[PDB]
Amino acid sequence: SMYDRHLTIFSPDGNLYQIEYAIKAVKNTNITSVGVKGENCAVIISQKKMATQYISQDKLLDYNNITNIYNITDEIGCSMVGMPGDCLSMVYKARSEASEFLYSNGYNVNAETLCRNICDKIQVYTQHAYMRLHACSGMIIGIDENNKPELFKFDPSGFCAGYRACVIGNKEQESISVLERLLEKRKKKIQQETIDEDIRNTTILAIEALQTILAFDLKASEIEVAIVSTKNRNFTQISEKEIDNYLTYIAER
Amino acid sequence: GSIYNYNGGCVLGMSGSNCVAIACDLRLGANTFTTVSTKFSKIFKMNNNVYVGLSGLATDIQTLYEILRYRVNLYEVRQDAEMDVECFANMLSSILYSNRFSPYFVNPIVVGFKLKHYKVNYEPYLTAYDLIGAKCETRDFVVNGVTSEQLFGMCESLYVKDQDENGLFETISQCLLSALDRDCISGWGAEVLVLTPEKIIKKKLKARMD
Amino acid sequence: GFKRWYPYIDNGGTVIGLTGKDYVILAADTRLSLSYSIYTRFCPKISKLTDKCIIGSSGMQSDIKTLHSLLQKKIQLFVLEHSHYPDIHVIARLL
Amino acid sequence: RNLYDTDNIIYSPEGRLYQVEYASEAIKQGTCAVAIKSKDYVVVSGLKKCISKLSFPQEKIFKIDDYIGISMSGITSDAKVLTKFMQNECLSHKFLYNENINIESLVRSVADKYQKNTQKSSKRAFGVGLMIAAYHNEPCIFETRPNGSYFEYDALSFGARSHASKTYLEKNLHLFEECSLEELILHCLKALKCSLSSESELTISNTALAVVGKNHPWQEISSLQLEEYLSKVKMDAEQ
Amino acid sequence: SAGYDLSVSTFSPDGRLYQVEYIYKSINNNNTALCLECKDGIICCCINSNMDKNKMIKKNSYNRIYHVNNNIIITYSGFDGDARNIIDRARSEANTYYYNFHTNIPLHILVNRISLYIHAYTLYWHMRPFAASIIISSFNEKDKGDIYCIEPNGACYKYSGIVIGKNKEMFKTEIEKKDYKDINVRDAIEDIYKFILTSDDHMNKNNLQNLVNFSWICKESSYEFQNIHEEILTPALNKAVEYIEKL
Amino acid sequence: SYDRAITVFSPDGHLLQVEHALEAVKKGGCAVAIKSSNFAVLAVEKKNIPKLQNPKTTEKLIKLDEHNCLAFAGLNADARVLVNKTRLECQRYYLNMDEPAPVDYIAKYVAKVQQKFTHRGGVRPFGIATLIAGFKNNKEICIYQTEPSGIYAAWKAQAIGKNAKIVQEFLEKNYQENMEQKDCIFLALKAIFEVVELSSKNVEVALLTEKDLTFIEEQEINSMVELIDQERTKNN
Amino acid sequence: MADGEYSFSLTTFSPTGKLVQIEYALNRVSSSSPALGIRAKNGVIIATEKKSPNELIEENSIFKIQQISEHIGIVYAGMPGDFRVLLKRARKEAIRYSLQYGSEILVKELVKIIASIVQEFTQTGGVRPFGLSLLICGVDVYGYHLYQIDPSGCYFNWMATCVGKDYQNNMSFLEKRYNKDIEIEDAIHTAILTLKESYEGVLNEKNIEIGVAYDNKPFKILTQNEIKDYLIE
Amino acid sequence: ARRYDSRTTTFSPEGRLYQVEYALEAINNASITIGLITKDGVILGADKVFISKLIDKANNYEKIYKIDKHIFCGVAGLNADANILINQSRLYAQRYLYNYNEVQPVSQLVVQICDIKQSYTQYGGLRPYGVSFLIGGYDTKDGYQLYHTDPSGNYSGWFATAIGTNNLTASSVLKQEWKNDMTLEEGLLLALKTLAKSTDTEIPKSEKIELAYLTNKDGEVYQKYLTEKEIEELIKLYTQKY
Amino acid sequence: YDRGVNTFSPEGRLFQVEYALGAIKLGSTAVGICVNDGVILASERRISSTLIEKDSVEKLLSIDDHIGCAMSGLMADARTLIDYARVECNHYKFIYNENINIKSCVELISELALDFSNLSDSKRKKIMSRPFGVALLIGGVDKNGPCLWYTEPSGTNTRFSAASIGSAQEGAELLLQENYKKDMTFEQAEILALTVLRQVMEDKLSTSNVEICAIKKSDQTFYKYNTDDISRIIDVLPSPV
């Protein structure tokens, strides 16, 4: 009919254009996040940037409060890119899902299952006409029960998957090429890494990838970096000073 | 327990070689001592390979039998096959437990054949229940009802493994009759059904009527 | 264990009425008691319902207060909805 | 076509709610009412619409509570629902707390009742405005709008051709504070007359007038006193 | 538009939600509200210039500044009814937090809860989204000032000073000149009056008294909500007015 | 649960859904009821494919309870649901009063149901008109006619369904009071055949008395049809 | 919302009698990565094409072949979120049956229950149909079964079938070389050959998933190495 | 959201219900289903729609279904809607047995399912069921019975009838050939004839035919769903007799 | 149609209410006259044919012993409203042990009529999905003496000394305005009612096409007029010139 592009109903070719438009709304925020997996750790790096929305950025804005990385639990964090209302909503949904899991089962949910349950929630928006889609794409990291890092990413269509490395943002084909090159370059070494060396290499790869993608010089104050490892399984950000040191090392090489 | 003495009655299951038998008394009591009927069968055919014996409160017997018939008929029309006796036994357990806190005052037994398709092999199947659906799978015999102790004594003493249909009939009938003769609130006739894969033999025993 | 709490208590007191041809007298004592002790010596038992109608009650003081106030509320609502004050007989049926 | 005025939950490209604005438009079609207040009194005066020669004039002002009364303009049934709500809120407050309700809280509750009817597609806004006059530690006049907003006034008027009454009130606003109850009544009635149709006149039949003040519970004026006031108004209009 | 702007639950083909943008336009057309962090407190001011032709309104009776627990300032620009709804919800969340935990709800948690409440009215095809943006702010000795502004889309950001509503751009241009973290709230009062005189052409020195709401949470008020007394607003108003008439 | 207002006022001031239901009724078969001193005759057109359709199944002349019967025109399925509601109400009345429901009570109930279905969100009106013959509490025989709008009246004789105006006008100039059972039956047959093909298999006829509802035999109908054919040929 | 006046059918009849939303869901399926199943003499195989978009994704994170219970497997062609919802519902129904009757759910019973669930979404108010087709394979007392479930809720009993893209040509290729008396190895080879004839280029153990239920054994999903062995020849 | 409502249960300017007319068009677009009553039982026959040679043609009847021991139906229209209503009618028969301790009369079952269909046409805002049923059965009250239902909740009894595509030809054949006292064999041969003539051919094909009948013999009702072999034998007999 | 039932027009009027107003202009004409001695209601009955039983159809219904009602517009809707009014009046009588004031009955009826607006969920929930499209004349005698009230689909209630409804509303109102007088006695009220009805009736006035009821102040009892009373009024009527 004349409204097949308004509701979550199939169009003549089989498409649900509302899902496509929600994904485009995510893309319109102009925010880029990158997640990278190590051998015993995982990193997420995002821009500390307000999503391009109706309002603009003021010089009285508190830029430390601007973030796209959240803790779901002590050991599980994420990046949520998209409309900030929707991103906060998805953060709260994920937190409540994790807490309910913990109470019901007596052990913390791992990142994969939390991502899949979130996507089960999103599918309901994709099938019921009276609910708007959440214009939100996310990356979730954690350390699973076998001390292996996890990197999972969901998008408004309810589709999720695990990744060796991923990017949310405007361009994602060229981002995938950059990440593939960085991963193969890292993999071609045969020396065994220490836990600390592995974490350092992973963080440097994440920073260098975000930089080669965004195509400008990252300032430590304008980006955020969060890590989870087998040394420290808590999802923790790193200081602006450590980000700056990683950046000085990257530039001088 | 007094509720179970209101009507009286008992049921007994026994297996032989490629045969199985189910028997019950025929009395409908009232107020524990008044006999109001002498043709109140406690044995019900679910399908050709599944029988159930329901002792206890007569209203609950009829109600549970109707529920079980409803469930079996729906299952078999949906599946286009006869319900396996084990599935039926588990279903009966689940139905009884679903009323765990206001239960049906019934003491069921299930008797039939477990079919194991290679021809087909017919393995006797026996199960006794309590009113909330606890199950006792057995190979020799099962009992239930206010006459349970007497039936247990008679079966423990007289049951013989791997009897043919005639031996099975004589044994189960003797067990039932001896047990009934010691009960004030059970008896007034006995029906005995002897099952084989080919035929069902229904007998009414010339029993005591006091 | 704990015994089930009883929701009734008699706070005592008397109400007396007497009609005349063109008048009515309603009198009530003002003691408020609990078992064998006196809560207060001044607890009026008569409430005004209309210019021509009052109510006096004995029993549980919380119940009496709630009922008098409910009746006053209902009567003011009646006055607003129906433009006239209810007669004593109307109030009697309503009570 | 508008394409944005069909449903009450839809904003137009200019950020307007057209259904709510139409509900407000219903208010301008009602008969005129005027409320003014001195340091001790609030006087409410309004015109009672007459359908035909054989018909009795419609009621314009209503008692809510001992010291609260209202006048309305717009859809009468809406006003009746709101009147019942206010009367019940006041009586329930007296029943529960043994005190006269706070007028601000009552008007806020009324405005929230207004607001809840604008958020769902299965509702419509109340198509009526309420002018609320009370004395609670001071005289007060409030207005409530279909959009869920309310305002306090020193003098107020609405209804068909209420701009003339508003002109009169703006002119003399400085006087009302210090004038006596008789003078305040004359002012309110003259402001109401300023909204009259050319051929029309203020009569005991078609004129509603209420006073409420410090020791003066809400009370409509009787036909005799109202007639004396109307005669005084005519006489000092001739001047 | 193109038929994609009739519902808050339909994305446009370019990925935009038009009902939300129309609400933004409504808010930007409405009266001005601002909150400013100073050295020893935060100061909030609402300019009700839309009511300049409403001569009969009771003097100083329309106030857009409320508070939550006597220590959080909450104001708005947009529909009064929707704002009252959101403020009722804020107070209800504060009550529930106190009931559960016996301590006052932290400002940032309350902001998150309010923003989620607002965002929930943008999700369904049968509910009107709120037409209001909210400022929520507090101040205490150890933490200095915290100012959050919640958008109708449900996005909450943190500011050192915020202006919403009409003429906000010029007000921001004026606010950004001085670092008010080193100025006291009392001194900021005169600056704010000067900004009002310059930026809102509906406002003159005649209606500045009855058209502006002033409140603060500062050391002088023991870090609890208070409307600024007229005996403080009067000299500041007079001085701003004479300074402006000079140039 | 669906709650949209299906029946609404058109600018002209009409309930168009009710008028469309009336159209459905006018697409139904004809039914005639005639009243007498203490009996009523009801007749209804029959449509049945010869030798393939079963005539005994379809029932347009049905018994509500001991003393009340109903004929209807319009949508069959709507009629079945309404008739079952009416039987239920008959028995509920008996339970709550210890007396069978009078005819007027049942007519009022049926009309109330139809009106209600013009005035509730998420439902369309019944596309049926009904003739209800029965006894009042004074044992008097009455006939009521209800319509999709919910309006009812009592009649000495009435036709509903397709071509009801021709039958009505015919009945006006041919109906007498206190007619005998045979003459009332003949009048009903003439009225129905004024607008339906002449045949025994095209009409079902029943007679209502204090005792029970009795359908007229096939042979009696055929004999009366031969009488009608004779009078028609002789009149031409 | 869900309830109230806002619960009306989004799938309705057209003048010709067609329910176009179901047709559009069918098109969506016909544009999806191919899947197929084969019923052999002593087992049933379901195979699918799992083409990794990029070398960054983890293949194990994507499994288009899932187990519903012991002896029952499922694969889909179409939208993956819909598949997740229906797979969770199928597992729930399997355990509900097991709790009632103790034993494992018969394949036909599961298929009928899931088909009814699918059908509901073509008639209930305020929803779209599911955009996928399911192949359900399993072994029970009554033999080996291979069932398909369409977006409309119709179910079919198959000796062998293919859903998704190029499924007419795939079915021609599969009926050219299917007999009722194949073995498990022959069936797996045939499934692989069909998926090769459909897929453009070169297949490998990462481009396809395979699940088997044979010789009255529990359903198992072939590992990468087992499939590589099947691909050596 | 009212702009998306298609108003399924709303009268049309001619007192028509458009969704019901379209559902009937869909049913008319389905394969032929026939039924007829002999003195030996009710026969239901149907043409199978070809999809592929790989469909499993063993014990797979998709147009004729058992509702109870004494009731069975033929389907014309959307198969999934039919599956829903068939499940419902099996439930209804078993509920009647539970409540009354005797098997449900056929007309009561038909009435219950037709009530479901009518309700969907009158209440709510959902589309109607797109299915016609040929319900046949036996009960002591009315003997052998055969009924036809349509989406509107209507039904009617028949001695022989056909639904689905080209029902006109099949109905004419039945009207010419059906007799008031036929034997089961004669009934089955006539069913084969009308199926062959409606499918535009002369010798029917076993692979495309579903045939079942329902007999009350020796006091119990028994349903036979003819296999491909039995249908092949009947096809040979038909080609002999014609 | 395109709109919803609760939509305002740009002039602040509910479309459905306005359309419902166009339905009350239809039906038989009725006239109410309220004088000091009582209130009289008179209506013409539009018998469709000789086969219809006159007893069955009636346009003057009694709501309580002391209240009668004439109706116009959709008769099924009018009957719904009247039944509701009967129940409510008797509930009032039960809980207060007195006759309900007429104005209170009119208020109850008007609120029931407007229930479709869904304005508030207090007490029962919304059930009616549209206005009633009925105009009523409700006369009765209460403690304030006789009174005549008019209610219409918009929910406005107006009190009259004399009024008219139905197709001939306007002509009847013109005749009433120029002839009604306050001090009119009861017999003159009856004469005026039947004169107006005959003047505006398409048919010729007679005992079978006119129904009358009155609620006299003497006894506050609704009374229906049989053939003798109508015959007397007709035979005391003036000339038709």
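Residues numbered from 1 in each chain as written, not as in the entry; some residues may be left out. Chains lettered and ligands numbered in written order. Part of a larger assembly, values for the part shown. Heavy atoms only, no water.

Looking at the PDB entry, one finds chain H named Proteasome subunit alpha type and attributed to Plasmodium falciparum NF54. According to the PDB record, the title of this entry is "Structure of the Plasmodium falciparum 20S proteasome complexed with inhibitor TDI-8304". One UniProt comment on chain H, placed under Subunit (unreviewed entry), says "The 26S proteasome consists of a 20S proteasome core and two 19S regulatory subunits." (UniProt positions renumbered as here; feature names shortened; annotations may be inferred.)

Going by the PDB entry, chain B carries the name Proteasome subunit beta and comes from Plasmodium falciparum NF54. Taken from UniProt, the Subunit (unreviewed entry) comment for chain B reads in full: "Component of the proteasome complex."

Participant: Help me understand the overall build of chain B in this model?
Facilitator: In terms of regular secondary structure, chain B is built from 5 helices and 12 strands. Here the C-alpha atoms of chain B give a radius of gyration of 16 Å, agreeing with the 17 Å that 2.2 N^0.38 yields for 210 residues. Once the C-alpha set of chain B is aligned to its principal axes, its extents read approximately 50 × 40 × 25 Å. When the accessible surface of chain B is totalled, it reaches about 9300 Å², and 50% of it is carbon and sulfur. The distance from the centre of the 21 positive side-chain charges to the centre of the 23 negative ones in chain B is 3 Å. (Helix = DSSP H or I, 4+ residues; strand = E, 2+ residues; numbered from the N terminus. Rg over C-alpha atoms; globule rule 2.2 N^0.38 Å. Areas by Shrake-Rupley, 256 points an atom, 1.4 Å probe, with all protein chains shown as cover. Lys, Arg positive; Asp, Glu negative; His and termini not counted. Charge placed at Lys NZ, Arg CZ, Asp CG, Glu CD.)

Participant: Got a minute to help me understand the overall build of chain H in this structure?
Facilitator: Of the regular secondary structure elements, chain H holds 6 helices and 10 strands. Structurally, chain H occupies a C-alpha span of about 65 × 45 × 35 Å along its principal axes. Relative to its full complement of 242 residues, chain H shows a buried share of 60%. Considering only residue pairs separated by 6 or more positions, chain H has 66% of its internal contacts joining residues 24 or more positions apart. Charge-centre separation for chain H: the mean point of 27 positive side chains lies 4 Å from the mean point of 29 negative side chains. (Buried < 20%, exposed > 50% of the residue type's maximum accessible area, 1.4 Å probe, protein only. Contact = heavy atoms within 4.5 Å.)

Participant: What's the story with the environment of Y123 of chain H in this structure? I'm lost.
Facilitator: Secondary-structure assignment places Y123 of chain H in the loop between α3 (106-122) and β5 (131-139). Among the residues examined, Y123 of chain H registers a relative accessible area of 40% and is labelled partly exposed. For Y123 of chain H and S89 of chain H, which are 34 residues apart along the polypeptide, the C-alpha to C-alpha distance reads 20 Å. Those residues in contact with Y123 of chain H, other than ones at most four positions away along the chain, are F117, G122 and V123 of chain F together with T9 of chain H.

Participant: Looking at this model, I keep getting lost on the sheet that holds strand β1 (residues 10-15) of chain B. Mind explaining?
Facilitator: By way of backbone hydrogen bonds, the strands of a sheet pair with one another, either parallel or antiparallel. Residues and elements named next belong to chain B. In spatial order, the strands read β10-β1-β2-β11-β12; together these 5 strands make up an open sheet with antiparallel pairing. Edge positions in the sheet fall to β10 (141-145) and β12 (200-205), since each of these pairs with one other strand and no more. Sheet twist, expressed as the mean angle between neighbouring strand axes with direction ignored, is 10°. Sheet topology places β1 next to strand β2 (residues 20-25); 5 bridges connect them, and they run antiparallel. Looking across to β2, one finds that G13 is bridged to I22. Helix α4 (residues 148-158) contacts β1 and β10 of the sheet and is inclined by roughly 165° relative to β10. (Pairing = 2+ DSSP bridges. Axes fitted to C-alpha atoms, helices over the stretch in contact; angles between N-to-C directions.)

Participant: Would you take a moment to explain the interface of chain E and chain A for this structure?
Facilitator: A common way to state how big an interface is: give the accessible area lost once the parts meet. Each partner contributes to the interface: chain E provides 36 residues, whereas chain A provides 34 residues. Here chain E packs against chain A, burying approximately 3200 Å² in sum over the two surfaces, 62% of which is carbon and sulfur. Our count for the contact surface shared by chain E and chain A stands at 2 salt bridges. Between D62 of chain A and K158 of chain E there is a salt bridge, with its nearest N and O atoms 3.1 Å apart. Looking at the side of chain E that touches chain A, the elements that each hand over two or more residues are α1 (18-29), α3 (107-119), β7 (156-159) and α4 (168-175) of chain E. The residue makeup of the side of chain E that touches chain A, split by class, is 15 nonpolar, 14 polar and 7 charged. (Buried area = accessible area lost by both parts, 1.4 Å probe. Salt bridge = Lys/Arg side-chain N within 4 Å of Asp/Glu carboxyl O. Nonpolar A, V, L, I, M, F, W, Y, C, P; charged D, E, K, R; others polar.)

Participant: Would you explain the packing of helix α5 (residues 185-199) of chain E against helix α6 (residues 230-246) of chain E in this entry?
Facilitator: To characterise two packed helices, one gives the angle between the axes of the helices and the distance between these axes. Residues and elements named next belong to chain E. Direction vectors running N to C along α5 and α6 enclose 50°, while the axes themselves pass 8 Å from each other. One way to sum up the angle between α5 and α6 is to call them oblique. Between α5 and α6 lies a crossing of right-handed hand. Residue-level inspection shows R186, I189, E190, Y193, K194, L197 and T198 of α5 in contact with α6, the latter providing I232, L233, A236, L237, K239, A240, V241, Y243 and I244. Grouping the amino acids of the contact of α5 with α6 by side-chain chemistry returns 11 nonpolar, 1 polar and 4 charged. (Parallel < 35°, antiparallel > 145°, perpendicular 65-115°, else oblique. Left-handed = near helix turned anticlockwise from the far one by under 90°.)

Participant: Even after reading the chapter, I still don't get the packing of aromatic side chains, so can you show me in this structure?
Facilitator: The geometry of an aromatic ring pair is captured by two quantities: the separation of the ring centres and the angle between the planes. Applying the stated rule across the entire model yields 50 aromatic pairs over all chains. Measuring from centroid to centroid gives 5.4 Å for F151 of chain D and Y62 of chain E, while their planes differ by 40°, and the two rings are tilted. With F151 of chain D in strand β7 (residues 150-153) and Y62 of chain E in the loop between β2 (41-47) and β3 (66-67), the pair connects residues from two separate chains. For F151 of chain D, a relative accessible area of 9% gives the class buried. Taking relative accessible area as the criterion, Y62 of chain E reaches 13% and is therefore assigned buried. A connected cluster of aromatic rings, assembled from ring pairs, spans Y3 of chain A, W125 of chain E, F8 of chain G together with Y4 of chain H. Across the ring face of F169 of chain B, the terminal group of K203 of chain B is positioned such that the distance to the ring centre comes to 3.7 Å. A cation over an aromatic ring shows up here: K194 of chain E above the ring of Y243 of chain E, its NZ or CZ 4.2 Å from the ring centre. (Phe/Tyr/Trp six-rings, centres within 6.5 Å; stacked < 30°, edge-to-face > 60°. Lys NZ or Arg CZ within 6 Å of the ring centre and 35° of its normal.)

Participant: I keep staring at the interface of chain H and chain F and nothing clicks. Help me out?
Facilitator: Facing the 36 residues of chain H at the interface are 32 residues of chain F. Its largest share of buried area at the contact with chain F, chain H owes to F11, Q122 and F159 of chain H, together 24% of the area lost on that side. Our count for the chain H to chain F interface comes out at 3 salt bridges. Note that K56 of chain F and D142 of chain H form a salt bridge whose closest N and O atoms lie 3.2 Å from each other. At the boundary of chain H and chain F, one finds 17 residue pairs in polar contact. Secondary structure elements with two or more residues in the side of chain H that touches chain F: α3, β7 (155-157) and α4 (167-177) of chain H. In terms of residue count, α3 of chain H provides more of the side of chain H that touches chain F than any other element does, 6 residues in total. (Polar contact = N/O pair within 3.5 Å; in protein donor to acceptor, adjacent residues only side chain to side chain.)

Participant: Got a minute to help me understand the arrangement of the chains in this structure?
Facilitator: In this assembly chain C lies apart from chain E, the nearest approach of their C-alpha atoms being 28 Å. Regarding chain G and chain I, the two do not touch, and the least distance separating their C-alpha atoms is 12 Å.

Participant: Before we go on, may I ask you to explain the pattern of salt bridges in this structure?
Facilitator: It is possible for side chains of opposite charge to pair when their charged atoms get near one another. Residues and elements named next belong to chain A. Under the criterion given, the structure shown has 73 salt bridges over all chains. Among the salt bridges present, the one from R186 reaches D198, with a minimum N-O distance of 3.0 Å. Taken together, the positions of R186 in helix α4 (residues 173-187) and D198 in helix α5 (residues 195-214) put the pair 12 residues apart, joining distant regions of the chain. For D198, a relative accessible area of 3% gives the class buried. Sharing partners across several salt bridges, the network here consists of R186, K189, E193 and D198.

Participant: So what exactly am I meant to see when it comes to helix α4 (residues 163-176) of chain D here?
Facilitator: At 3.6 residues per turn, the α-helix brings residues three or four places apart onto the same side. Residue and element names in this part refer to chain D. In a regular helix each residue adds 1.5 Å, so 14 residues correspond to 20 Å; α4 covers 19 Å between its end C-alpha atoms and thus fits that length. At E170, α4 shows its strongest bend, of approximately 45°. Looking only at α4, the buried set comprises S165, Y168, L169, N172 and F176. Packed against the buried residues of α4 are β1 (33-37), β8 (155-158) and α5 (181-193). (Expected span 1.5 Å × (residues − 1). Bend = angle between axes of the 7 residues up to and from the residue.)

Participant: What is the right way to read α4 of chain B from this model?
Facilitator: All names here are of chain B. For α4, the full list of buried residues reads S148, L151, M154 and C155. The buried residues of α4 occupy an angular sector of 130° when projected down its axis, which confines them to one face. Looking at α4, the residues exposed on the side facing more than 90 degrees away from the buried face are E149, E156 and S157. (Arc of directions from axis to C-beta.)

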